[PDB]
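K.L.:
Provided below: coords.txt, containing compact mmCIF, N, CA and C atoms.
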```txt
# COMPACT_ATOMS: atom_id res chain seq x y z
N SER A 1 66.74 68.15 89.46
CA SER A 1 67.69 69.03 90.13
C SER A 1 66.97 70.01 91.06
N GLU A 2 67.32 71.29 90.95
CA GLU A 2 66.57 72.32 91.67
C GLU A 2 65.14 72.44 91.16
N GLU A 3 64.94 72.23 89.86
CA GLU A 3 63.61 72.38 89.29
C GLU A 3 62.70 71.24 89.72
N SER A 4 63.22 70.01 89.72
CA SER A 4 62.46 68.91 90.31
C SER A 4 62.16 69.17 91.78
N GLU A 5 63.12 69.74 92.52
CA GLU A 5 62.90 69.99 93.94
C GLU A 5 61.81 71.04 94.16
N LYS A 6 61.79 72.11 93.35
CA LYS A 6 60.76 73.13 93.49
C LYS A 6 59.38 72.60 93.11
N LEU A 7 59.29 71.89 91.99
CA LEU A 7 58.01 71.32 91.55
C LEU A 7 57.45 70.33 92.56
N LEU A 8 58.33 69.58 93.23
CA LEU A 8 57.89 68.58 94.19
C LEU A 8 57.21 69.22 95.40
N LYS A 9 57.82 70.27 95.95
CA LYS A 9 57.18 70.96 97.07
C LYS A 9 55.87 71.59 96.64
N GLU A 10 55.84 72.19 95.44
CA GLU A 10 54.61 72.77 94.91
C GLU A 10 53.53 71.70 94.71
N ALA A 11 53.91 70.53 94.21
CA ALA A 11 52.96 69.43 94.08
C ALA A 11 52.36 69.05 95.43
N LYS A 12 53.20 68.94 96.47
CA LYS A 12 52.72 68.54 97.78
C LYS A 12 51.74 69.56 98.35
N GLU A 13 52.08 70.85 98.27
CA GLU A 13 51.26 71.88 98.89
C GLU A 13 49.98 72.16 98.11
N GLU A 14 49.94 71.84 96.82
CA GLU A 14 48.73 72.07 96.04
C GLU A 14 47.75 70.91 96.17
N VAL A 15 48.23 69.67 96.07
CA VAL A 15 47.33 68.53 96.22
C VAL A 15 46.80 68.44 97.65
N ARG A 16 47.57 68.92 98.62
CA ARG A 16 47.08 68.94 100.00
C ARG A 16 46.03 70.03 100.19
N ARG A 17 46.26 71.21 99.62
CA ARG A 17 45.30 72.30 99.75
C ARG A 17 44.01 72.02 98.99
N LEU A 18 44.10 71.24 97.90
CA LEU A 18 42.89 70.83 97.19
C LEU A 18 42.13 69.76 97.97
N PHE A 19 42.85 68.85 98.63
CA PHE A 19 42.19 67.80 99.41
C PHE A 19 41.52 68.37 100.65
N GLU A 20 42.16 69.34 101.31
CA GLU A 20 41.60 69.90 102.54
C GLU A 20 40.40 70.80 102.29
N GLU A 21 40.16 71.21 101.04
CA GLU A 21 39.01 72.04 100.70
C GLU A 21 37.86 71.25 100.08
N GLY A 22 38.06 69.97 99.79
CA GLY A 22 37.07 69.18 99.08
C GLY A 22 37.69 68.52 97.86
N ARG A 23 36.99 68.57 96.73
CA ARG A 23 37.48 68.17 95.41
C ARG A 23 38.42 66.96 95.45
N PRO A 24 37.91 65.76 95.78
CA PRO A 24 38.78 64.57 95.73
C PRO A 24 39.22 64.21 94.33
N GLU A 25 38.51 64.69 93.30
CA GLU A 25 38.85 64.39 91.92
C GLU A 25 39.69 65.49 91.27
N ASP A 26 39.51 66.74 91.69
CA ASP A 26 40.40 67.80 91.21
C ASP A 26 41.78 67.68 91.83
N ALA A 27 41.85 67.31 93.12
CA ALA A 27 43.14 67.11 93.77
C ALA A 27 43.92 65.96 93.14
N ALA A 28 43.23 64.94 92.64
CA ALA A 28 43.90 63.81 92.00
C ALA A 28 44.32 64.13 90.56
N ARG A 29 43.58 65.00 89.87
CA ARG A 29 44.00 65.39 88.53
C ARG A 29 45.30 66.19 88.59
N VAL A 30 45.43 67.07 89.58
CA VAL A 30 46.64 67.87 89.71
C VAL A 30 47.82 67.00 90.13
N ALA A 31 47.59 65.99 90.96
CA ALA A 31 48.68 65.07 91.30
C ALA A 31 49.13 64.28 90.07
N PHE A 32 48.17 63.77 89.28
CA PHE A 32 48.52 63.04 88.07
C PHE A 32 49.23 63.92 87.05
N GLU A 33 48.89 65.21 87.00
CA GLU A 33 49.60 66.13 86.12
C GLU A 33 51.02 66.35 86.60
N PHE A 34 51.20 66.51 87.92
CA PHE A 34 52.52 66.73 88.52
C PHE A 34 53.38 65.47 88.49
N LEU A 35 52.77 64.29 88.58
CA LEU A 35 53.54 63.05 88.48
C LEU A 35 54.17 62.91 87.10
N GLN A 36 53.43 63.25 86.04
CA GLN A 36 53.96 63.08 84.69
C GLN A 36 55.08 64.07 84.40
N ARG A 37 54.90 65.33 84.82
CA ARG A 37 55.96 66.31 84.71
C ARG A 37 57.27 65.78 85.30
N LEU A 38 57.26 65.43 86.58
CA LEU A 38 58.49 65.00 87.24
C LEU A 38 59.06 63.74 86.59
N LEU A 39 58.20 62.87 86.07
CA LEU A 39 58.65 61.73 85.29
C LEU A 39 59.47 62.17 84.09
N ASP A 40 58.91 63.06 83.26
CA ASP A 40 59.60 63.50 82.05
C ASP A 40 60.86 64.29 82.39
N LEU A 41 60.89 64.92 83.57
CA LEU A 41 62.11 65.55 84.07
C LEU A 41 63.21 64.53 84.38
N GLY A 42 62.89 63.24 84.37
CA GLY A 42 63.89 62.22 84.64
C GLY A 42 64.25 62.07 86.10
N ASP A 43 63.31 62.33 87.01
CA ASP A 43 63.55 62.25 88.45
C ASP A 43 62.60 61.22 89.07
N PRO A 44 62.94 59.93 88.99
CA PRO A 44 62.07 58.91 89.61
C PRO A 44 62.04 59.00 91.13
N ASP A 45 63.07 59.55 91.76
CA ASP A 45 63.01 59.76 93.21
C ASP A 45 61.98 60.81 93.58
N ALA A 46 61.73 61.78 92.69
CA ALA A 46 60.74 62.81 92.99
C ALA A 46 59.32 62.29 92.80
N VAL A 47 59.12 61.40 91.83
CA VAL A 47 57.80 60.80 91.70
C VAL A 47 57.58 59.76 92.79
N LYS A 48 58.63 59.06 93.22
CA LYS A 48 58.48 58.12 94.32
C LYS A 48 58.16 58.86 95.61
N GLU A 49 58.80 60.01 95.84
CA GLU A 49 58.54 60.79 97.05
C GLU A 49 57.14 61.40 97.02
N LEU A 50 56.69 61.89 95.87
CA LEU A 50 55.35 62.46 95.80
C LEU A 50 54.29 61.40 96.05
N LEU A 51 54.48 60.20 95.49
CA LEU A 51 53.52 59.12 95.68
C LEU A 51 53.42 58.71 97.15
N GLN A 52 54.54 58.64 97.86
CA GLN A 52 54.47 58.34 99.29
C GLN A 52 53.81 59.49 100.05
N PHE A 53 54.10 60.73 99.66
CA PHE A 53 53.45 61.87 100.29
C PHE A 53 51.93 61.82 100.13
N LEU A 54 51.44 61.29 99.01
CA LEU A 54 50.00 61.33 98.77
C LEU A 54 49.29 60.21 99.53
N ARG A 55 49.90 59.02 99.58
CA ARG A 55 49.25 57.89 100.23
C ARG A 55 49.03 58.15 101.72
N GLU A 56 50.01 58.79 102.37
CA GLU A 56 49.86 59.12 103.79
C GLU A 56 48.73 60.11 104.02
N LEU A 57 48.51 61.02 103.07
CA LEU A 57 47.47 62.03 103.23
C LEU A 57 46.08 61.41 103.24
N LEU A 58 45.84 60.42 102.38
CA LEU A 58 44.56 59.74 102.34
C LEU A 58 44.40 58.79 103.52
```
Please rewrite the model in this file as structure tokens.
P.N.:
Amino acid sequence: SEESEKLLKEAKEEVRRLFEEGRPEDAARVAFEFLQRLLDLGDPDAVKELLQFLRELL
């Protein structure tokens, strides 16, 4: 819902800010943590959107 929507934007802006500073492995741990959250929230569209957001960044 709104909570999935807020977490999704936060996931995008944090994994991007970690990637742009270095840490290719810290940025991926935070994405994997955020993917599982949104999964358990029951929002597969939010995990699908985050995954597409990440692939384009790399």
K.L.:
Can you tell me which residues surround residue 18 in chain A at a distance of at most 12 Å, considering only C-alpha atoms, apart from same-chain residues fewer than 2 positions away, and format the answer as a list in words?
P.N.:
residues 11, 12, 13, 14, 15, 16, 20, 21, 22, 23, 24, 25, 26, 27, 28, 29, 30, 31, 54 and 57 of chain A
K.L.:
Which residues are close to residue 47 in chain A, i.e. within 6.5 Å by all atoms listed in the file, leaving aside same-chain residues fewer than 4 positions away? Reply as an MDAnalysis selection string.
P.N.:
chainID A and resid 35 38:39 43 51:52
K.L.:
Under the rule that only C-alpha atoms are counted, which of A:32, A:56, A:46, A:40 is the nearest residue to residue 7 in chain A?
P.N.:
A:46
K.L.:
Figure out the distance between atom C of residue 58 in chain A and atom N of residue 2 in chain A, please, to one decimal in Å.
P.N.:
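Separation between atom N of residue 2 in chain A and atom C of residue 58 in chain A: 29.0 Å.
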K.L.:
Could you write out as lines of an AutoDock Vina configuration file the box around range 31-48 of chain A (axis-aligned, all atoms listed in the file, 6 Å on each side), with centre and edge lengths in Å to one decimal?
P.N.:
```
center_x = 55.9
center_y = 62.4
center_z = 88.8
size_x = 28.7
size_y = 20.6
size_z = 25.6
```
K.L.:
For the atom pair atom N of residue 1 in chain A and CA of residue 55 in chain A, what is the interatomic distance in Å to one decimal place?
P.N.:
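Pair atom N of residue 1 in chain A / CA of residue 55 in chain A returns 23.0 Å.
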K.L.:
Using CA of residue 8 in chain A and atom C of residue 50 in chain A as the two end points, give the distance in Å to one decimal.
P.N.:
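Atom C of residue 50 in chain A lies at a distance of 8.2 Å from CA of residue 8 in chain A.
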K.L.:
I'd like to know which residues of chain A are helix (DSSP H, G or I) (by DSSP, run on the backbone); could you write them as a PDB file with N, CA and C atoms, in the frame of the given file?
P.N.:
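To be explicit, this is the file written out as states26.pdb:
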```
ATOM      1  N   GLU A   2      67.320  71.290  90.950  1.00  0.00           N
ATOM      2  CA  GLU A   2      66.570  72.320  91.670  1.00  0.00           C
ATOM      3  C   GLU A   2      65.140  72.440  91.160  1.00  0.00           C
ATOM      4  N   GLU A   3      64.940  72.230  89.860  1.00  0.00           N
ATOM      5  CA  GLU A   3      63.610  72.380  89.290  1.00  0.00           C
ATOM      6  C   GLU A   3      62.700  71.240  89.720  1.00  0.00           C
ATOM      7  N   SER A   4      63.220  70.010  89.720  1.00  0.00           N
ATOM      8  CA  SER A   4      62.460  68.910  90.310  1.00  0.00           C
ATOM      9  C   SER A   4      62.160  69.170  91.780  1.00  0.00           C
ATOM     10  N   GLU A   5      63.120  69.740  92.520  1.00  0.00           N
ATOM     11  CA  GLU A   5      62.900  69.990  93.940  1.00  0.00           C
ATOM     12  C   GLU A   5      61.810  71.040  94.160  1.00  0.00           C
ATOM     13  N   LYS A   6      61.790  72.110  93.350  1.00  0.00           N
ATOM     14  CA  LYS A   6      60.760  73.130  93.490  1.00  0.00           C
ATOM     15  C   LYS A   6      59.380  72.600  93.110  1.00  0.00           C
ATOM     16  N   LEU A   7      59.290  71.890  91.990  1.00  0.00           N
ATOM     17  CA  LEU A   7      58.010  71.320  91.550  1.00  0.00           C
ATOM     18  C   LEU A   7      57.450  70.330  92.560  1.00  0.00           C
ATOM     19  N   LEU A   8      58.330  69.580  93.230  1.00  0.00           N
ATOM     20  CA  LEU A   8      57.890  68.580  94.190  1.00  0.00           C
ATOM     21  C   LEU A   8      57.210  69.220  95.400  1.00  0.00           C
ATOM     22  N   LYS A   9      57.820  70.270  95.950  1.00  0.00           N
ATOM     23  CA  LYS A   9      57.180  70.960  97.070  1.00  0.00           C
ATOM     24  C   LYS A   9      55.870  71.590  96.640  1.00  0.00           C
ATOM     25  N   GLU A  10      55.840  72.190  95.440  1.00  0.00           N
ATOM     26  CA  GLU A  10      54.610  72.770  94.910  1.00  0.00           C
ATOM     27  C   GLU A  10      53.530  71.700  94.710  1.00  0.00           C
ATOM     28  N   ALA A  11      53.910  70.530  94.210  1.00  0.00           N
ATOM     29  CA  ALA A  11      52.960  69.430  94.080  1.00  0.00           C
ATOM     30  C   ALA A  11      52.360  69.050  95.430  1.00  0.00           C
ATOM     31  N   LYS A  12      53.200  68.940  96.470  1.00  0.00           N
ATOM     32  CA  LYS A  12      52.720  68.540  97.780  1.00  0.00           C
ATOM     33  C   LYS A  12      51.740  69.560  98.350  1.00  0.00           C
ATOM     34  N   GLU A  13      52.080  70.850  98.270  1.00  0.00           N
ATOM     35  CA  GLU A  13      51.260  71.880  98.890  1.00  0.00           C
ATOM     36  C   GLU A  13      49.980  72.160  98.110  1.00  0.00           C
ATOM     37  N   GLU A  14      49.940  71.840  96.820  1.00  0.00           N
ATOM     38  CA  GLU A  14      48.730  72.070  96.040  1.00  0.00           C
ATOM     39  C   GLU A  14      47.750  70.910  96.170  1.00  0.00           C
ATOM     40  N   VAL A  15      48.230  69.670  96.070  1.00  0.00           N
ATOM     41  CA  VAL A  15      47.330  68.530  96.220  1.00  0.00           C
ATOM     42  C   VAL A  15      46.800  68.440  97.650  1.00  0.00           C
ATOM     43  N   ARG A  16      47.570  68.920  98.620  1.00  0.00           N
ATOM     44  CA  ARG A  16      47.080  68.940 100.000  1.00  0.00           C
ATOM     45  C   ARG A  16      46.030  70.030 100.190  1.00  0.00           C
ATOM     46  N   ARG A  17      46.260  71.210  99.620  1.00  0.00           N
ATOM     47  CA  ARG A  17      45.300  72.300  99.750  1.00  0.00           C
ATOM     48  C   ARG A  17      44.010  72.020  98.990  1.00  0.00           C
ATOM     49  N   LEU A  18      44.100  71.240  97.900  1.00  0.00           N
ATOM     50  CA  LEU A  18      42.890  70.830  97.190  1.00  0.00           C
ATOM     51  C   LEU A  18      42.130  69.760  97.970  1.00  0.00           C
ATOM     52  N   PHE A  19      42.850  68.850  98.630  1.00  0.00           N
ATOM     53  CA  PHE A  19      42.190  67.800  99.410  1.00  0.00           C
ATOM     54  C   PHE A  19      41.520  68.370 100.650  1.00  0.00           C
ATOM     55  N   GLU A  20      42.160  69.340 101.310  1.00  0.00           N
ATOM     56  CA  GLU A  20      41.600  69.900 102.540  1.00  0.00           C
ATOM     57  C   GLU A  20      40.400  70.800 102.290  1.00  0.00           C
ATOM     58  N   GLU A  21      40.160  71.210 101.040  1.00  0.00           N
ATOM     59  CA  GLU A  21      39.010  72.040 100.700  1.00  0.00           C
ATOM     60  C   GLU A  21      37.860  71.250 100.080  1.00  0.00           C
ATOM     61  N   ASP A  26      39.510  66.740  91.690  1.00  0.00           N
ATOM     62  CA  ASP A  26      40.400  67.800  91.210  1.00  0.00           C
ATOM     63  C   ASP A  26      41.780  67.680  91.830  1.00  0.00           C
ATOM     64  N   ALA A  27      41.850  67.310  93.120  1.00  0.00           N
ATOM     65  CA  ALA A  27      43.140  67.110  93.770  1.00  0.00           C
ATOM     66  C   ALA A  27      43.920  65.960  93.140  1.00  0.00           C
ATOM     67  N   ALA A  28      43.230  64.940  92.640  1.00  0.00           N
ATOM     68  CA  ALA A  28      43.900  63.810  92.000  1.00  0.00           C
ATOM     69  C   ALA A  28      44.320  64.130  90.560  1.00  0.00           C
ATOM     70  N   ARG A  29      43.580  65.000  89.870  1.00  0.00           N
ATOM     71  CA  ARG A  29      44.000  65.390  88.530  1.00  0.00           C
ATOM     72  C   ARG A  29      45.300  66.190  88.590  1.00  0.00           C
ATOM     73  N   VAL A  30      45.430  67.070  89.580  1.00  0.00           N
ATOM     74  CA  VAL A  30      46.640  67.870  89.710  1.00  0.00           C
ATOM     75  C   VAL A  30      47.820  67.000  90.130  1.00  0.00           C
ATOM     76  N   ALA A  31      47.590  65.990  90.960  1.00  0.00           N
ATOM     77  CA  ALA A  31      48.680  65.070  91.300  1.00  0.00           C
ATOM     78  C   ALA A  31      49.130  64.280  90.070  1.00  0.00           C
ATOM     79  N   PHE A  32      48.170  63.770  89.280  1.00  0.00           N
ATOM     80  CA  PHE A  32      48.520  63.040  88.070  1.00  0.00           C
ATOM     81  C   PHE A  32      49.230  63.920  87.050  1.00  0.00           C
ATOM     82  N   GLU A  33      48.890  65.210  87.000  1.00  0.00           N
ATOM     83  CA  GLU A  33      49.600  66.130  86.120  1.00  0.00           C
ATOM     84  C   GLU A  33      51.020  66.350  86.600  1.00  0.00           C
ATOM     85  N   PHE A  34      51.200  66.510  87.920  1.00  0.00           N
ATOM     86  CA  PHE A  34      52.520  66.730  88.520  1.00  0.00           C
ATOM     87  C   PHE A  34      53.380  65.470  88.490  1.00  0.00           C
ATOM     88  N   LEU A  35      52.770  64.290  88.580  1.00  0.00           N
ATOM     89  CA  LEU A  35      53.540  63.050  88.480  1.00  0.00           C
ATOM     90  C   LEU A  35      54.170  62.910  87.100  1.00  0.00           C
ATOM     91  N   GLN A  36      53.430  63.250  86.040  1.00  0.00           N
ATOM     92  CA  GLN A  36      53.960  63.080  84.690  1.00  0.00           C
ATOM     93  C   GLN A  36      55.080  64.070  84.400  1.00  0.00           C
ATOM     94  N   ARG A  37      54.900  65.330  84.820  1.00  0.00           N
ATOM     95  CA  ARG A  37      55.960  66.310  84.710  1.00  0.00           C
ATOM     96  C   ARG A  37      57.270  65.780  85.300  1.00  0.00           C
ATOM     97  N   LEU A  38      57.260  65.430  86.580  1.00  0.00           N
ATOM     98  CA  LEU A  38      58.490  65.000  87.240  1.00  0.00           C
ATOM     99  C   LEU A  38      59.060  63.740  86.590  1.00  0.00           C
ATOM    100  N   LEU A  39      58.200  62.870  86.070  1.00  0.00           N
ATOM    101  CA  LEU A  39      58.650  61.730  85.290  1.00  0.00           C
ATOM    102  C   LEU A  39      59.470  62.170  84.090  1.00  0.00           C
ATOM    103  N   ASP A  40      58.910  63.060  83.260  1.00  0.00           N
ATOM    104  CA  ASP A  40      59.600  63.500  82.050  1.00  0.00           C
ATOM    105  C   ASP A  40      60.860  64.290  82.390  1.00  0.00           C
ATOM    106  N   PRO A  44      62.940  59.930  88.990  1.00  0.00           N
ATOM    107  CA  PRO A  44      62.070  58.910  89.610  1.00  0.00           C
ATOM    108  C   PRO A  44      62.040  59.000  91.130  1.00  0.00           C
ATOM    109  N   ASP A  45      63.070  59.550  91.760  1.00  0.00           N
ATOM    110  CA  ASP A  45      63.010  59.760  93.210  1.00  0.00           C
ATOM    111  C   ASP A  45      61.980  60.810  93.580  1.00  0.00           C
ATOM    112  N   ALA A  46      61.730  61.780  92.690  1.00  0.00           N
ATOM    113  CA  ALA A  46      60.740  62.810  92.990  1.00  0.00           C
ATOM    114  C   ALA A  46      59.320  62.290  92.800  1.00  0.00           C
ATOM    115  N   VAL A  47      59.120  61.400  91.830  1.00  0.00           N
ATOM    116  CA  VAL A  47      57.800  60.800  91.700  1.00  0.00           C
ATOM    117  C   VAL A  47      57.580  59.760  92.790  1.00  0.00           C
ATOM    118  N   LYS A  48      58.630  59.060  93.220  1.00  0.00           N
ATOM    119  CA  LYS A  48      58.480  58.120  94.320  1.00  0.00           C
ATOM    120  C   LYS A  48      58.160  58.860  95.610  1.00  0.00           C
ATOM    121  N   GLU A  49      58.800  60.010  95.840  1.00  0.00           N
ATOM    122  CA  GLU A  49      58.540  60.790  97.050  1.00  0.00           C
ATOM    123  C   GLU A  49      57.140  61.400  97.020  1.00  0.00           C
ATOM    124  N   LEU A  50      56.690  61.890  95.870  1.00  0.00           N
ATOM    125  CA  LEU A  50      55.350  62.460  95.800  1.00  0.00           C
ATOM    126  C   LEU A  50      54.290  61.400  96.050  1.00  0.00           C
ATOM    127  N   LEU A  51      54.480  60.200  95.490  1.00  0.00           N
ATOM    128  CA  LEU A  51      53.520  59.120  95.680  1.00  0.00           C
ATOM    129  C   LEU A  51      53.420  58.710  97.150  1.00  0.00           C
ATOM    130  N   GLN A  52      54.540  58.640  97.860  1.00  0.00           N
ATOM    131  CA  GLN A  52      54.470  58.340  99.290  1.00  0.00           C
ATOM    132  C   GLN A  52      53.810  59.490 100.050  1.00  0.00           C
ATOM    133  N   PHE A  53      54.100  60.730  99.660  1.00  0.00           N
ATOM    134  CA  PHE A  53      53.450  61.870 100.290  1.00  0.00           C
ATOM    135  C   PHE A  53      51.930  61.820 100.130  1.00  0.00           C
ATOM    136  N   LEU A  54      51.440  61.290  99.010  1.00  0.00           N
ATOM    137  CA  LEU A  54      50.000  61.330  98.770  1.00  0.00           C
ATOM    138  C   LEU A  54      49.290  60.210  99.530  1.00  0.00           C
ATOM    139  N   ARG A  55      49.900  59.020  99.580  1.00  0.00           N
ATOM    140  CA  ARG A  55      49.250  57.890 100.230  1.00  0.00           C
ATOM    141  C   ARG A  55      49.030  58.150 101.720  1.00  0.00           C
ATOM    142  N   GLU A  56      50.010  58.790 102.370  1.00  0.00           N
ATOM    143  CA  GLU A  56      49.860  59.120 103.790  1.00  0.00           C
ATOM    144  C   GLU A  56      48.730  60.110 104.020  1.00  0.00           C
ATOM    145  N   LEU A  57      48.510  61.020 103.070  1.00  0.00           N
ATOM    146  CA  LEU A  57      47.470  62.030 103.230  1.00  0.00           C
ATOM    147  C   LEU A  57      46.080  61.410 103.240  1.00  0.00           C
TER     148      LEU A  57
END
```
K.L.:
Once N, CA, C and O atoms are restored for range 31-54 of chain A, what would the output be as a PDB file, keeping the file's coordinate frame?
P.N.:
```
ATOM      1  N   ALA A  31      47.590  65.990  90.960  1.00  0.00           N
ATOM      2  CA  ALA A  31      48.680  65.070  91.300  1.00  0.00           C
ATOM      3  C   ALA A  31      49.130  64.280  90.070  1.00  0.00           C
ATOM      4  O   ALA A  31      50.331  64.143  89.808  1.00  0.00           O
ATOM      5  N   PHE A  32      48.170  63.770  89.280  1.00  0.00           N
ATOM      6  CA  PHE A  32      48.520  63.040  88.070  1.00  0.00           C
ATOM      7  C   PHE A  32      49.230  63.920  87.050  1.00  0.00           C
ATOM      8  O   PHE A  32      50.090  63.445  86.301  1.00  0.00           O
ATOM      9  N   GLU A  33      48.890  65.210  87.000  1.00  0.00           N
ATOM     10  CA  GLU A  33      49.600  66.130  86.120  1.00  0.00           C
ATOM     11  C   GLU A  33      51.020  66.350  86.600  1.00  0.00           C
ATOM     12  O   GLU A  33      51.964  66.366  85.800  1.00  0.00           O
ATOM     13  N   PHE A  34      51.200  66.510  87.920  1.00  0.00           N
ATOM     14  CA  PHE A  34      52.520  66.730  88.520  1.00  0.00           C
ATOM     15  C   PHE A  34      53.380  65.470  88.490  1.00  0.00           C
ATOM     16  O   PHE A  34      54.611  65.563  88.399  1.00  0.00           O
ATOM     17  N   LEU A  35      52.770  64.290  88.580  1.00  0.00           N
ATOM     18  CA  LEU A  35      53.540  63.050  88.480  1.00  0.00           C
ATOM     19  C   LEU A  35      54.170  62.910  87.100  1.00  0.00           C
ATOM     20  O   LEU A  35      55.331  62.506  86.982  1.00  0.00           O
ATOM     21  N   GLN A  36      53.430  63.250  86.040  1.00  0.00           N
ATOM     22  CA  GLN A  36      53.960  63.080  84.690  1.00  0.00           C
ATOM     23  C   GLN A  36      55.080  64.070  84.400  1.00  0.00           C
ATOM     24  O   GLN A  36      56.093  63.715  83.798  1.00  0.00           O
ATOM     25  N   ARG A  37      54.900  65.330  84.820  1.00  0.00           N
ATOM     26  CA  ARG A  37      55.960  66.310  84.710  1.00  0.00           C
ATOM     27  C   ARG A  37      57.270  65.780  85.300  1.00  0.00           C
ATOM     28  O   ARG A  37      58.292  65.694  84.599  1.00  0.00           O
ATOM     29  N   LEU A  38      57.260  65.430  86.580  1.00  0.00           N
ATOM     30  CA  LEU A  38      58.490  65.000  87.240  1.00  0.00           C
ATOM     31  C   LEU A  38      59.060  63.740  86.590  1.00  0.00           C
ATOM     32  O   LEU A  38      60.286  63.570  86.530  1.00  0.00           O
ATOM     33  N   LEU A  39      58.200  62.870  86.070  1.00  0.00           N
ATOM     34  CA  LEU A  39      58.650  61.730  85.290  1.00  0.00           C
ATOM     35  C   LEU A  39      59.470  62.170  84.090  1.00  0.00           C
ATOM     36  O   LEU A  39      60.597  61.710  83.887  1.00  0.00           O
ATOM     37  N   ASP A  40      58.910  63.060  83.260  1.00  0.00           N
ATOM     38  CA  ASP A  40      59.600  63.500  82.050  1.00  0.00           C
ATOM     39  C   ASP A  40      60.860  64.290  82.390  1.00  0.00           C
ATOM     40  O   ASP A  40      61.804  64.316  81.600  1.00  0.00           O
ATOM     41  N   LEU A  41      60.890  64.920  83.570  1.00  0.00           N
ATOM     42  CA  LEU A  41      62.110  65.550  84.070  1.00  0.00           C
ATOM     43  C   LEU A  41      63.210  64.530  84.380  1.00  0.00           C
ATOM     44  O   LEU A  41      64.348  64.938  84.636  1.00  0.00           O
ATOM     45  N   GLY A  42      62.890  63.240  84.370  1.00  0.00           N
ATOM     46  CA  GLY A  42      63.890  62.220  84.640  1.00  0.00           C
ATOM     47  C   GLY A  42      64.250  62.070  86.100  1.00  0.00           C
ATOM     48  O   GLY A  42      65.395  61.713  86.415  1.00  0.00           O
ATOM     49  N   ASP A  43      63.310  62.330  87.010  1.00  0.00           N
ATOM     50  CA  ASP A  43      63.550  62.250  88.450  1.00  0.00           C
ATOM     51  C   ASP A  43      62.600  61.220  89.070  1.00  0.00           C
ATOM     52  O   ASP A  43      61.559  61.582  89.634  1.00  0.00           O
ATOM     53  N   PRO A  44      62.940  59.930  88.990  1.00  0.00           N
ATOM     54  CA  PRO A  44      62.070  58.910  89.610  1.00  0.00           C
ATOM     55  C   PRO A  44      62.040  59.000  91.130  1.00  0.00           C
ATOM     56  O   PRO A  44      61.050  58.558  91.731  1.00  0.00           O
ATOM     57  N   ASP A  45      63.070  59.550  91.760  1.00  0.00           N
ATOM     58  CA  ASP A  45      63.010  59.760  93.210  1.00  0.00           C
ATOM     59  C   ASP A  45      61.980  60.810  93.580  1.00  0.00           C
ATOM     60  O   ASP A  45      61.393  60.757  94.663  1.00  0.00           O
ATOM     61  N   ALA A  46      61.730  61.780  92.690  1.00  0.00           N
ATOM     62  CA  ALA A  46      60.740  62.810  92.990  1.00  0.00           C
ATOM     63  C   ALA A  46      59.320  62.290  92.800  1.00  0.00           C
ATOM     64  O   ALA A  46      58.403  62.706  93.514  1.00  0.00           O
ATOM     65  N   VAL A  47      59.120  61.400  91.830  1.00  0.00           N
ATOM     66  CA  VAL A  47      57.800  60.800  91.700  1.00  0.00           C
ATOM     67  C   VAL A  47      57.580  59.760  92.790  1.00  0.00           C
ATOM     68  O   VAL A  47      56.449  59.597  93.279  1.00  0.00           O
ATOM     69  N   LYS A  48      58.630  59.060  93.220  1.00  0.00           N
ATOM     70  CA  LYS A  48      58.480  58.120  94.320  1.00  0.00           C
ATOM     71  C   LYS A  48      58.160  58.860  95.610  1.00  0.00           C
ATOM     72  O   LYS A  48      57.322  58.407  96.404  1.00  0.00           O
ATOM     73  N   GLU A  49      58.800  60.010  95.840  1.00  0.00           N
ATOM     74  CA  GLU A  49      58.540  60.790  97.050  1.00  0.00           C
ATOM     75  C   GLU A  49      57.140  61.400  97.020  1.00  0.00           C
ATOM     76  O   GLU A  49      56.450  61.426  98.054  1.00  0.00           O
ATOM     77  N   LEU A  50      56.690  61.890  95.870  1.00  0.00           N
ATOM     78  CA  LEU A  50      55.350  62.460  95.800  1.00  0.00           C
ATOM     79  C   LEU A  50      54.290  61.400  96.050  1.00  0.00           C
ATOM     80  O   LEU A  50      53.308  61.652  96.762  1.00  0.00           O
ATOM     81  N   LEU A  51      54.480  60.200  95.490  1.00  0.00           N
ATOM     82  CA  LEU A  51      53.520  59.120  95.680  1.00  0.00           C
ATOM     83  C   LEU A  51      53.420  58.710  97.150  1.00  0.00           C
ATOM     84  O   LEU A  51      52.315  58.439  97.644  1.00  0.00           O
ATOM     85  N   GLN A  52      54.540  58.640  97.860  1.00  0.00           N
ATOM     86  CA  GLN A  52      54.470  58.340  99.290  1.00  0.00           C
ATOM     87  C   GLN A  52      53.810  59.490 100.050  1.00  0.00           C
ATOM     88  O   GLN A  52      53.044  59.250 100.991  1.00  0.00           O
ATOM     89  N   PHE A  53      54.100  60.730  99.660  1.00  0.00           N
ATOM     90  CA  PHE A  53      53.450  61.870 100.290  1.00  0.00           C
ATOM     91  C   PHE A  53      51.930  61.820 100.130  1.00  0.00           C
ATOM     92  O   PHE A  53      51.206  62.274 101.016  1.00  0.00           O
ATOM     93  N   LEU A  54      51.440  61.290  99.010  1.00  0.00           N
ATOM     94  CA  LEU A  54      50.000  61.330  98.770  1.00  0.00           C
ATOM     95  C   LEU A  54      49.290  60.210  99.530  1.00  0.00           C
ATOM     96  O   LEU A  54      48.211  60.438 100.084  1.00  0.00           O
TER      97      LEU A  54
END
```
